[PDB]
Amino acid sequence: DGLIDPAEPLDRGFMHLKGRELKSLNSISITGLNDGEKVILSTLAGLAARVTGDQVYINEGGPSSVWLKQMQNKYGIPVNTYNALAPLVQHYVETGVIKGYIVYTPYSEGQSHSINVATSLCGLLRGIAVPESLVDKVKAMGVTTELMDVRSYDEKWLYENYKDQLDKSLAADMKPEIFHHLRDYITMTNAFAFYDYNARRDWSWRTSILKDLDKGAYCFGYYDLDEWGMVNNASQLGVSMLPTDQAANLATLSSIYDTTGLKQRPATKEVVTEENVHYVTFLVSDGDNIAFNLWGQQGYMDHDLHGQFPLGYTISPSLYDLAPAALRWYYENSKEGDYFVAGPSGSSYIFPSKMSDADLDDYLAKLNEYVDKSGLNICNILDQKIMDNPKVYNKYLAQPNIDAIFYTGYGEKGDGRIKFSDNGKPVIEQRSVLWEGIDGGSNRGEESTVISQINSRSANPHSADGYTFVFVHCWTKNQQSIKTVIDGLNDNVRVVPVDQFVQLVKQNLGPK
């Protein structure tokens with residue numbers, strides 16, 4: 023074969039399972055494929071990444087093309103292009119990767135979850151997932167053996183029959199009408215994929231699944247159907263959420279082991295305080311979401327205004343393991359006034375206030391080492407009541423590699439408080455927000471409001487009143503929205519990079 027036995031465990035980075043070391047890419051455009059073809063393609067990608075370095079890339083253009091070219095150019099990976107699904111599938115029949123198909127019923131028919139059953143079985147049985155309507159099409163591509171018929175089954179059947187064969191370091195909350203995102207990584211890892219959303223938001227079944235995972239486990243997948251409830255549910259159990267159901271190509275992206283260029287420039291430790299100014303910094307939201315990191319964030323950063331003002335970005339430390347080519351690109355594309363912060367609330371989306379003391383201690387010891395590798399020393403916490411939770415903020419800031427917190431409260435206005443850990447590091451609460459229609463149609467997050475707010479505050483860097491941390495909602499407010507604010511600010515207002523803001527706060531307001 024030149025294939026690795028599918029029973030051999032995957033390698034892991036410090037945090038995440040990674041595919042077999044990448045040697046060649048077989049790139050195919052998403053254009054003109056139907057839903058079933060998308061499922062075939064993503065489960066195939068997961069097949070390949072478990073057993074070979076000859077891997078699949080789903081090229082969606084835009085940011086997807088950027089990551090492909092980055093791998094070609096920085097890591098010397100050859101790219102073969104395929105103009106159609108049939109020859110790509112045939113290639114993987116010939117190389118021995120595809121052993122057959124697993125037939126399922128789409129969600130469009132009777133709300134079947136069988137797509138998830140098929141996806142989780144693909145890596146075990148060495149099959150592609152195929153809806154009944156495409157069985158003859160795949161047979162014509164050379165995939166002639168039916169490995170299993172799962173049309174009548176749900177994820178409870180899957181778990182009852184395959185729990186001990188499925189990975190226990192992650193599971194995936196997987197919507198049955200997401201076709202080409204995430205399923206590759208699920209098939210690669212033999213993760214259990216399930217959809218437990220119900221109108222009751224009854225959390226018993228998900229709890230039962232999550233409690234069966236190993237200590238330090240992840241839950242990949244969606245959050246948007248019940249965000250606070252899902253994150254609370256996982257965090258209380260010591261489980262980390264990684265928003266990933268809108269991420270493509272993670273199996274393949276994870277397969278680069280070269281970690282050159284993955285350490286951010288250091289946060290500055292030297293800045294001269296200017297008297298009689300008000301200091302402002304801007305930080306973009308949503309960086310915990312790997313799908314944002316792999317799509318929207320690339321376009322966001324490459325706005326035509328990039329570099330006209332300094333800007334902070336949140337990003338996921340987990341990109342170090344899951345998509346090093348993309349993390350590398352961010353750091354290489356950064357301008358001097360750009361600076362990256364770990365997204366909510368560390369290496370994954372947790373509410374640290376909901377974890378047990380022991381689980382949070384474990385989480386933070388890992389975080390501390392992991393951000394040393396990526397240089398993501400400043401962290402954004404998204405949680406509730408943190409400014410009144412010195413236990414939690416002191417535990418973060420006790421870590422030698424975690425140097426400051428930017429706190430954005432979940433459903434909290436943000437009062438701009440600045441507090442210090444016992445060891446003298448700042449915890450900086452949101453003070454303005456740029457967000458269209460925040461709180462169900464208010465004007466609190468409009469450019470005109472943020473301008474008025476900043477311009478009303480005192481130009482005194484020796485007081486917390488002299489500082490505004492502006493949090494920027496990535497989906498509604500882009501670099502032009504930020505520039506609009508900046509262009510309205512008074513002459514005594516100074517817009518600074520995030521790391522400078524932290525040092526100014528520390529030296530002007532922290533212990534002497």
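So the number in mature numbering (1 follows the signal peptide of the UniProt record, and there is no 0) is just where the residue sits in the sequence shown, counting from 1, plus 22.
Yeah, the Cβ is synthetic: ideal placement off N, Cα and C, and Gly gets one too.
Residue range of the beta strand (DSSP E) that includes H300: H300 to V306
Please identify the residue among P519, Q133, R466 and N254 whose C-alpha is closest to the C-alpha of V293. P519
For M263, the residue or residues it bridges with in DSSP: In the DSSP output, where bridge partners are listed per residue, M263 has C241 and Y371.
What number of angstroms, rounded off, separates the C-alpha of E199 from the C-alpha of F493? 32 Å
In whole angstroms, give me the CA-to-CA distance for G83 and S46. 19 Å
Report yes or no: do the segment 150-169 and the segment 44-62 share at least 3 C-beta pairs separated by less than 8 Å? yes
Local Cβ density within 10 Å of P31, reported as buried at 16 or more and exposed below that: With fewer than 16 other Cβ atoms within 10 Å, it is exposed.
For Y123: DSSP bridge partner residues: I150 and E168
Alpha carbon to alpha carbon, how far is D384 from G132? Give it in angstroms, no decimals. 43 Å
Are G41 and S338 closer than 7 Å when you measure CB to CB? no
Which residue spans inside the segment 155-216 form an unbroken alpha helix (DSSP H) run of at least 4? 157-162, 177-184 and 205-211
Alpha carbon of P332 to alpha carbon of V517, nearest angstrom: 7 Å
Check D405 in the structure and name its three-state DSSP category. Correct three-state label for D405: strand.
Are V393 and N402 touching if we call contact CB-CB under 7 Å? no
Can you look up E451 in the DSSP assignment and give me helix, strand or coil? strand
Mind listing, in chain order, the continuous alpha helix (DSSP H) runs of no fewer than 4 residues lying wholly within the segment 405-441? 412-420
Classify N102 as buried or exposed, calling it buried when 16 or more other Cβ atoms lie within 10 Å of its own Cβ. exposed
Please classify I26 as buried or exposed, where buried requires at least 16 other C-beta atoms within 10 Å of its C-beta. exposed
Strictly by DSSP, which residues pair up with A364? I337 and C401
Rounded to whole angstroms, what is the Cα-Cα separation between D521 and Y219? 40 Å
Examine the Cβ distances between the segment 260-278 and the segment 294-305 and report whether three or more of them are shorter than 8 Å. no
Test item: CB-CB of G365 and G309 under 7 Å: yes
Assess, as a yes-or-no matter, whether the segment 230-243 is touched by the segment 199-219 under the definition of 3 or more beta carbon pairs within less than 8 Å. yes
Pair every Cβ in the segment 305-324 with every Cβ in the segment 64-78, then say whether three or more of these pairs are closer than 8 Å. As far as the Cβ criterion goes, the segment 305-324 does not touch the segment 64-78, which means the pair count is below three.
Identify every residue that forms a DSSP beta bridge with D76. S46
Terminal residues of the continuous beta strand (DSSP E) containing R516? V515 to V517
With respect to the alpha helix (DSSP H) encompassing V494, which residues constitute its N-terminal and C-terminal limits? Careful: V494 lies outside any alpha helix (DSSP H), inside the beta strand (DSSP E) at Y489 to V494.
DSSP on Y104, reduced to helix/strand/coil? strand
If you check the beta carbons only, do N48 and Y97 fall under 7 Å apart? no
If we ignore side chains and look at the alpha-carbon of each, how far apart do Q286 and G122 end up? The straight-line gap separating the alpha-carbon atoms of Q286 and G122 is approximately 44 Å.
Reducing DSSP to helix, strand and coil, say where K96 ends up. helix
Per DSSP, which one or two residues make a beta bridge with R479? DSSP, once it has assigned bridges, lists no residue as partnering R479.
Any contact of the segment 164-178 with the segment 127-147, i.e. 3+ C-beta pairs under 8 Å? Under the three-pair Cβ rule at 8 Å, the segment 164-178 counts as touching the segment 127-147.
For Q525 and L305, what's the separation of their Cα atoms in angstroms? 16 Å
Would you give the residue range spanned by the alpha helix (DSSP H) that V507 belongs to? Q501 to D509
If you count every other CB in all the chains shown that lies within 10 Å of the CB of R223, and 16 or more means buried, which is it? exposed
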